[PDB]
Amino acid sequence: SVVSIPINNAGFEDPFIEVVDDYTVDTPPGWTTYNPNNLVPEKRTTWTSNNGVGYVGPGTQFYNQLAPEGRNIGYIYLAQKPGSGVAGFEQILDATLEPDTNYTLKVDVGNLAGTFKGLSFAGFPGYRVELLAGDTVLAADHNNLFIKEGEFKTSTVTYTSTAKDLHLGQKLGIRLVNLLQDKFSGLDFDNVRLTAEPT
């Protein structure tokens, strides 16, 4: 009776990227930029904070594995110094919070590795994965997993609704957040999945 809640572009496979380690610098289709501190500008460049999709394919210089799912990951890179705020991806779903339901949200989180011409990718900014109803964070994993350089790990967030939950009927949502707690302050997400099961 476990049911899949549809998420748009849940594995960041849109758009198709042809070249390994190439990437876009526009919000991935189906998602919005979560930007409570306005860290990410509307027009992004190499020199600014940005997010988008990237192709982790054979020959990749960033990971010791391929993408958790398909070709692509979704990334958020913050140029501002640690402590400046947070940003990432948000998506509000069509499904709504239902009573006496177990919700299970899984997302792979990646720590990009390596080096480019004096730029180091060592380090990680921390992550948070949030399940929302309306604009309440029902449950979140704030940086509990250790993610080695050049790997992805699956974050799992759980929530059980009761028959009289205040947020019943409000739209579900997901946020994938770069915490900007350290540098290199880029991190990746992939393979977002949300299931619901009668309790």
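Numbers for residues come from their place in the sequence shown, where the first is 1. Throughout, rigid core stands for the largest set of C-alpha atoms superposing within 1.5 Å between the two forms.
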property: Rigid core superposition result in 4 other deposited structures of this protein, more deviant of 100-108, 114-122 by Cα; result: 114-122
property: Outlying stretch relative to shown form, 133-141 versus 44-52 in 4 other deposited structures of this protein, C-alpha RMS (core); result: 44-52
property: Higher-scoring stretch by recorded Cα B factor average, 145-153 or 162-170; result: 162-170
property: Entry-level comparison of average CA B-factors, 174-182 and 17-25, reporting the higher stretch; result: 17-25
property: Selection from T115, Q91, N111, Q80 [criterion: highest C-alpha temperature factor in the record]; result: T115
property: Chain thirds of CA B-factor: placement of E69; result: middle
property: Chain-wide C-alpha B factor ranking for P99, given as lowest, middle or highest third; result: highest
property: CA B-factor ranking of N35, expressed as a third of its chain; result: lowest
property: CA B-factor placement of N50, once the chain's modelled residues are sorted into thirds; result: lowest
